[PDB]
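Student:
There are 6 protein chains.
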Amino acid sequence: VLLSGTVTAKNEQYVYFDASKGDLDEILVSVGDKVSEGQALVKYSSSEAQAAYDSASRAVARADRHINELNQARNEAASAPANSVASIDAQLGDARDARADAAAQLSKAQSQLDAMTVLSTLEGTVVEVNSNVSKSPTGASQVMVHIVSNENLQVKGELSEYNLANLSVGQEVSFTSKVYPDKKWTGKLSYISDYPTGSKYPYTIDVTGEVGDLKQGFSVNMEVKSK
Amino acid sequence: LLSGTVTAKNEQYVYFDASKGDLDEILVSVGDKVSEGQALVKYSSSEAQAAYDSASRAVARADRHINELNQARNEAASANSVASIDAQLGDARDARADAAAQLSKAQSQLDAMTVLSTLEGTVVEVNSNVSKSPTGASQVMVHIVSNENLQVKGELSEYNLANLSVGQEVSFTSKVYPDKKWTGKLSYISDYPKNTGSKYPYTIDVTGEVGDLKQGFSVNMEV
Amino acid sequence: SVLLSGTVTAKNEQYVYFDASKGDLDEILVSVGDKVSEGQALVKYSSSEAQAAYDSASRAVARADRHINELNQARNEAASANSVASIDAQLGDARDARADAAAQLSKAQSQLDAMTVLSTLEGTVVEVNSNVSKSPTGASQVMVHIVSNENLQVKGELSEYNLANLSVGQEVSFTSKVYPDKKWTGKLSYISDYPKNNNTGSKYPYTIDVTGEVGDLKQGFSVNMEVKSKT
Amino acid sequence: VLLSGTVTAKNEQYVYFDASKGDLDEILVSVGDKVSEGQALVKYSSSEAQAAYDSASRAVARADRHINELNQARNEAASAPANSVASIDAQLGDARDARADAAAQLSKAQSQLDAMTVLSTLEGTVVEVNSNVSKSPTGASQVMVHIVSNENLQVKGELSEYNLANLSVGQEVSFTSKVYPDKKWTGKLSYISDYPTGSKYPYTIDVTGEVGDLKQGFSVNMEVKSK
Amino acid sequence: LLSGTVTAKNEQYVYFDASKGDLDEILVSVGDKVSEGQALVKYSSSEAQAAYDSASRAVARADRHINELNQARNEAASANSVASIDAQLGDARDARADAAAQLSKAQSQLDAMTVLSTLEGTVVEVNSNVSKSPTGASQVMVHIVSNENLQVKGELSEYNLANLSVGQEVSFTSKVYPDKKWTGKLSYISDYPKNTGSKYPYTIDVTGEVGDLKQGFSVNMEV
Amino acid sequence: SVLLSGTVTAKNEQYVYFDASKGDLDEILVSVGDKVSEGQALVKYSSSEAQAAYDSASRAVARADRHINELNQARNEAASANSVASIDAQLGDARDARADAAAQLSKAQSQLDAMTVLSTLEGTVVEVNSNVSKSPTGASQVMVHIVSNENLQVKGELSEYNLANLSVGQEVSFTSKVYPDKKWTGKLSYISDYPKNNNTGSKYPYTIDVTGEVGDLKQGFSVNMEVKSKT
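Protein chains in written order, with the numbering used here: chain E, 551 to 777; chain V, 13 to 235; chain H, 44 to 274; chain C, 551 to 777; chain Y, 13 to 235; chain R, 44 to 274.
#1: Which residues does DSSP pair with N267(R) in a beta bridge?
#2: Exposed or buried, which one is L206(H) when buried takes at least 16 other CB atoms within 10 Å?
#3: Between the segment 252-274 of chain H and chain V, which residues of the former have a C-beta closer than 8 Å to a C-beta of the latter?
#4: Taking all protein chains shown into account, do 16 or more other C-beta atoms lie within 10 angstroms of the C-beta of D259(H), making it buried, or fewer, making it exposed?
#5: From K54(Y) to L164(R), what distance separates their C-alpha atoms?
#6: For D65(V), which of helix, strand or coil comes out of DSSP?
#7: Give me the chain V residues within the contact set of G582(E), using Cβ-Cβ distance strictly less than 8 Å, ordered along the chain.
#8: Cα separation between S158(V) and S47(V)?
#9: Below 8 Å, can you find three or more Cβ-Cβ pairs linking the segment 103-115 of chain Y to the segment 67-79 of chain Y?
#10: Would you say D62(H) lies against chain C (beta-carbon separation less than 9 Å)?
#11: Sorted by chain position, which residues of the same chain lie with C-beta nearer than 8 Å to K239(H)'s C-beta, five sequence neighbours on each side aside?
#12: Nearest-angstrom Cα distance between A182(R) and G689(C)?
#13: Here's the rule: buried if 16 or more other CB atoms are within 10 angstroms of the residue's CB, otherwise exposed. What is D664(E)?
#14: Expressed to the nearest angstrom, what Euclidean distance is found between the alpha-carbon atoms of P687(C) and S31(V)?
#15: Note down the Cα distance separating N194(R) from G33(Y), rounded to an integer number of angstroms.
#16: With a Cβ-Cβ cutoff of 9 Å, do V18(Y) and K197(Y) count as a contact?
#17: Which chain V residues are close to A636(E), counting only those with a beta carbon under 7 Å from its beta carbon?
#18: Is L176(Y) helix, strand or coil when you go by DSSP?
#19: Between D744(E) and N172(H), what straight-line distance do the alpha-carbon atoms span, to the nearest angstrom?
#20: Which runs of the beta strand (DSSP E) fall wholly inside the segment 633-691 of chain C and span at least 3 residues, in chain order?
#21: Return the first residue and the last residue of the beta strand (DSSP E) that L68(H) is part of.
#22: What did DSSP end up calling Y564(C) once you bin it into helix, strand or coil?
#23: Do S661(E) and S143(V) have their beta-carbon atoms positioned less than 9 Å apart in this structure?
#24: Taking a contact to mean a Cβ-Cβ separation below 9 Å, would you say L209(H) touches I234(H) in this structure?
#25: Looking at the unbroken beta strand (DSSP E) that takes in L52(V), where does it start and where does it end?
#26: Give me the chain V residues within the contact set of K658(E), using Cβ-Cβ distance strictly less than 7 Å, ordered along the chain.
#27: In angstroms with no decimal places, state the Cα-to-Cα distance between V257(R) and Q692(E).
#28: Tell me the DSSP secondary structure of residue 281(R) in three-state form.
#29: Identify the residues that DSSP records as bridge partners of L709(C): which are they?
#30: Output needed in chain order: residues of the segment 181-199 of chain R with a Cβ under 8 Å from some Cβ in chain Y.
#31: Which residues in chain H sit within 7 Å of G33(V), going by Cβ to Cβ distance?
#32: Can you grab the Cα-Cα spacing for the pair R105(Y) / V94(Y), in whole Å?
#33: Please compile the residues from chain E whose C-beta is within a distance smaller than 9 Å of the C-beta of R73(V).
#34: Considering just the uninterrupted stretch of the beta strand (DSSP E) at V257(H), what are its terminal residues?
#35: Are any of the Cβ atoms in chain D nearer than 9 Å to that of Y594(C)?
#36: Mind listing the chain H neighbours of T556(C)? Cutoff is C-beta to C-beta under 7 Å, in chain order.
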């Protein structure tokens, strides 16, 4: 049995415009760069986030002071020659709670700041930048950065109803490429689906050995046995 | 003579939900077998955990206030008045009730950060690249199908609908394996067409010995 | 006489679409191919928050009543020499509080029964779908579709010519190319004055109600009809 | 010159589902009814509106009381044997203002109640009801009731680039109908456009005399002169 | 040899805006002539008028407070202290400034309930039936065109673009009136195609004697 | 050598779409067919509310400074016997207020200059449109489109075959069927590893930068090219 797939990349990352994050400052990457696993890619305007952060830490510090004046007032009104120590122990409770509130909010604003710059999840090739996107429910999704890893290649395809009854997972195969009639690369079948002129099910093969000169999107061809 | 396709019966589509914050991690690839009540996708449990902790501090605050109140009754009952201290003990009891309620709501909102499977089956599609902004279309992140309790669904025409059946135990073949028969019991004939004629979908619960039969096979069986 | 084409359609139907403003879905409690009668529930959203709202509201009426009572016991104690004018004012401000508590309560009541959508007709459920998104992701998400297989009708359109030949009330016979020995009757019940929207002419929708015994006549059937003239 | 239009109605009213108004109770009209100029058509759920209204009038009444206790307290503290009369004259100002606030809001909630039932703007024929609409940005506009008046008919059409240079507004014409070859109706041209195989401009004719048996949508035909 | 169409130069599309409340009345039919700064559509001026009145009461309240303040200075300056009364007179001045600001904002939001024309011209399209809910599409309620300062717009191909012109005074005809010529001065040739070839739009400001020439006419003029 | 087709495209461009979150539009202050340089304004929204925000913010810093000062004069008066601890606390709470006032002020500053959108490049404006709606009525409303007619390029796609014959850097000649006596040169600058998305094959986008004198060569021109092999 002769099959034909196309070689795809395994790992991608898309980056869409997030309206809820405000306004884009600059995309700091160019279509062609190989980016680190943790390299930055997009920076939103981070002034409102930094301001909310500062306000949060001032709220925390003010909570700590406030409990400190309450503390002195307590240990004065107590060892007092005898307003109430309990009347402000209440306030102490309702001030430690406000302190914990401001603490949690500070951490929230902290990551609300970290969210303003988008990092990669992978080292690959940026293949698309688009700095001209709008903040409006535009009816579609506005891609801003597309990164795909050119390593751990696979080859994906489909097979007919008849064609599934021709062996399965864990099989090693070898394929050929119409642009390099000489060489043949090998692969170990990684996945066959049982979920879809004939119904078609998708297969994926993790590729063995050296990639050599195979580019993504290359049309390939194989030969395996059936039943 | 009619044709139909064998389909699974139970699925689960998880769609990215923006209201639950943002995605942290999808916990299954493709081809995995999942079971009833199993972790599938986990949103960031952060501003949810903070709300839980705040609600907890709220119930503990209500408890502190009621202690500060009934001790202040124990003082002013053997010494403003017990009337307007017992009363505010009532309103304090109310406040503690509210605190426990919104605490439970915080718990539900919390463990909702992680969606669980509703079936035992195989994962078919995972799509971790999804836009938090509205796309204008559904965005599936995970799909589960069970390859058990199969069925055959199809359509009948205005004429062959004049064959009826509440459950004729029929049986079918398909040119993938032509020397085999599979039996099934009819289960549904629609009286309402969809949308040259009006077509009416039919279903049949396949019955036993479903060996190499899987869910893409075109299928024919006449009568 | 006058001949018309038309299709067998139902008269009464109901779609229930997903509603995010009602919260989250628990169960849909109906399976496709189920008879339902007017009033039966067909979807239940999770009634948790609505429950808590009902409880907190009842406690609002409770605390409000307690307040009116304590202010009452505290007005008489002042009528035997704050002052009874201060208490009168606070009373006027606690009756308002109790009215707000009542309104809040009934809001919780109607939001509570709004977590179970009910059927508007005797009918048969033709589609159920428990796979929806929350984010007004796309268009309308039909969750349950039901339609009465009784009181069947047939509809179509009419030429500008047919409008001058036809009046509402005229009797009608019709047949179906699948049951050629079987025949039906019916009556012209609605003729539209208003047009929808190589040969020309605008088309006006008509609907007739089938009369007499309906046999194994099922919706969607193509139908050929003769409208009887009048003496 | 021979023209061909179609007879249209002049006056319509559409009624779309309004999500911001809450939930539909019932459409109280049936496709075929002739409705009054002020007849009702759709009723939304009006319990939240009535509740907000009641709350508004209680807010007004509480404002009036409040200024009355402030009033007694003033005229006591004044002719007082000599807290401050000015200190609560301030409160009186800041209570008459709250009173005016609650008044305006009460009127607002009043029309927020009147908005819960939709009335006609015309007596005509309801031609469409649709009680099965959803509260979601459905991508389209969900018509709920469509009313068109079958009187003050017009006939509308278009004409080619050549065809405009054939006289204009204020002209009387007469037309014929392929379903009644006998009769001919007359009309007085009401509008020609200068704003668009040829560009087409639209004309409308108000119809003279008796409508007789002309239905809307009837294809008509005429004869007028050019230049 | 090229063809073009005569178009108007200045228009105005009014779209229904939900944020401005709801429509009260459109004040023009079709065929009417409107002029610069003329009432066109009027939204309901109700919750806007209420906000204006409230802002006015706010400025009068700030004035009352400053009088209550400096009179309280006139008492305690020849009798807490002038310090913390002069200071709060400063903050009161601030408050009056804010009140006047939000008052002016209330005025702008008020007269925005009524949109005015930006041209002198004829009204082309009025559409009073519009859904307050989002349609998923623009909803024009009124359209104004001026039938003065006409133009001719069209497109050139990749080849005939090799005729250039910053402003060749050309002239054209059209088979509506074949025995007449209309002169025009070129005004724009795009260097950027739109979207068999790449087409480049051109414009020409028509010049004088535009008698029976109106805005739908296909037009031809070669060179 | 290797021959390729391609179209004359520009390198740098800018769309400015309507933004409701910026308020209302006043003027667009550019007409189609205008040269613009990097930094020039191209739309001005009505800066009224932003102005009022700036003013109220400056008054916030004013009143805050007044407060810190009055508390300062009032701490010394207490340091010569409320108490100076109370004043110390209020001071710590007025420095916070002044910091909030500063942050609010700069928020008003950046929102103020955000009411004038500026150009990102030397370019020519190719479309202006002052007829928009506010209600995210539909899709994206392009209000002004500008694009540099300098630094022109040509782009297209490549077969799977072409990928093995071509490297970035190779010199290129090309011509246009409208100026048949005139010829151009250029260099291969970008070859995509990643494919877009009766005969078959996936296609990979390429872009080359034109070099030397650009004549009356205008964007969109169809172009035929020869890529020089290497010794």
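Heads up, the beta-carbon is just placed ideally off N, CA and C, and yes, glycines get one too.
Tutor: Reading from the atomic positions:
#1: As a working note, residue 267(R) is residue 224 in the sixth sequence. Per DSSP, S48(R), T218(R).
#2: Here the question's residue 206(H) lines up with position 163 in the third sequence. That one is buried.
#3: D259, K261, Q262, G263, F264, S265
#4: Within the third sequence, residue 259(H) is the residue found at index 216, counting from 1. Label assigned to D259(H): exposed.
#5: Position 42 of the fifth sequence, counted from the start, is the residue given in the question as residue 54(Y). Position 121 of the sixth sequence, counted from the start, is the residue given in the question as residue 164(R). Using only the alpha carbons, I get a separation of about 41 Å.
#6: Numbered from 1 along the second sequence, position 53 holds the residue referred to as residue 65(V). It is helical.
#7: Your numbering for residue 582(E) matches position 32 in the first sequence. The premise fails here: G582(E) is roughly 21 Å from chain V at the closest Cβ pair, so nothing lies under 8 Å.
#8: For the purposes of this step, residue 158(V) is taken as residue 146 along the second sequence, with counting starting at 1. For the purposes of this step, residue 47(V) is taken as residue 35 along the second sequence, with counting starting at 1. Answer to the nearest angstrom: the Cα atoms are 10 Å apart.
#9: yes
#10: Within the third sequence, the letter at position 19 stands for residue 62(H). Judged by the 9 Å Cβ criterion, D62(H) is in contact with chain C.
#11: Residue numbering aside, residue 239(H) sits at position 196 when the third sequence is read from its first letter. Closer than 8 Å at Cβ, skipping near neighbours: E200, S245, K246, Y247, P248.
#12: To locate residue 182(R), count along the sixth sequence from 1; it is residue 139. To locate residue 689(C), count along the fourth sequence from 1; it is residue 139. For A182(R) and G689(C), the distance between alpha carbons rounds to 12 Å.
#13: For the purposes of this step, residue 664(E) is taken as the residue at position 114 of the first sequence. By the neighbour-count rule (16 or more Cβ atoms within 10 Å), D664(E) is not buried but exposed.
#14: Here residue 687(C) refers to the residue found at position 137 of the fourth sequence. Here residue 31(V) refers to the residue found at position 19 of the second sequence. Computed Cα separation, rounded: 16 Å.
#15: What you label residue 194(R) is simply residue 151 of the sixth sequence in a count that begins at 1. What you label residue 33(Y) is simply residue 21 of the fifth sequence in a count that begins at 1. So the two alpha carbons sit approximately 48 Å from each other.
#16: As a position in the fifth sequence, residue 18(Y) is number 6, starting the count at 1. As a position in the fifth sequence, residue 197(Y) is number 185, starting the count at 1. No. Outside cutoff.
#17: Residue 636(E) sits at position 86 when you count from the first residue of the first sequence. Those within 7 Å of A636(E) in chain V are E80.
#18: Taking the fifth sequence and counting its residues from 1, the one referred to as residue 176(Y) is at position 164. Coil.
#19: For the purposes of this step, residue 744(E) is taken as the residue at position 194 of the first sequence. For the purposes of this step, residue 172(H) is taken as the residue at position 129 of the third sequence. Computed Cα separation, rounded: 23 Å.
#20: 667-669, 675-679
#21: Residue numbering aside, residue 68(H) sits at position 25 when the third sequence is read from its first letter. 68-70 is the span of the beta strand (DSSP E), which, as asked, contains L68(H).
#22: Residue numbering aside, residue 564(C) sits at position 14 when the fourth sequence is read from its first letter. Three-state result, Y564(C): strand.
#23: As a working mapping, residue 143(V) is identified with position 131 in the second sequence. As a working mapping, residue 661(E) is identified with position 111 in the first sequence. In this structure, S661(E) does not lie closer than 9 Å to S143(V) by Cβ.
#24: For this step, residue 209(H) is matched to residue 166 along the third sequence. For this step, residue 234(H) is matched to residue 191 along the third sequence. Yes; because the gap between Cβ atoms is below 9 Å, this pair is in contact.
#25: Translated into positions along the second sequence, residue 52(V) becomes position 40. That run of the beta strand (DSSP E) goes 51-55.
#26: On the first sequence, position 108 is the one that residue 658(E) refers to. Result: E59, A62.
#27: In the sixth sequence, residue 257(R) corresponds to position 214, counting from 1. In the first sequence, residue 692(E) corresponds to position 142, counting from 1. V257(R) and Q692(E): Cα-Cα distance of roughly 34 Å.
#28: No statement about residue 281(R) is possible, as the shown extent of chain R runs from 44 to 274 and does not include it.
#29: Sequence index remark: in the fourth sequence, residue 709(C) carries index 159 (1-based). Note: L709(C) sits in a beta bridge opposite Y751(C).
#30: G181, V190, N192
#31: Indexing the second sequence from 1 puts residue 33(V) at position 21. Those do not exist, as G33(V) stays about 13 Å from chain H at its closest Cβ, beyond 7 Å.
#32: Locating residue 105(Y) in the fifth sequence gives position 93, where the first residue counts as 1. Locating residue 94(Y) in the fifth sequence gives position 82, where the first residue counts as 1. The straight-line gap from Cα to Cα measures roughly 16 Å.
#33: The residue labelled residue 73(V) in the question sits at position 61 within the second sequence. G643, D644, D647, listed in chain order.
#34: For this step, residue 257(H) is matched to residue 214 along the third sequence. Neither: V257(H) is in no beta strand (DSSP E) and is coded neither H nor E.
#35: Absent here is chain D; the protein component of the structure consists of chains E, V, H, C, Y and R.
#36: By 1-based counting over the fourth sequence, the position of residue 556(C) is 6. Ordered by position in chain H, the residues that pass the 7 Å Cβ test against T556(C) are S245.
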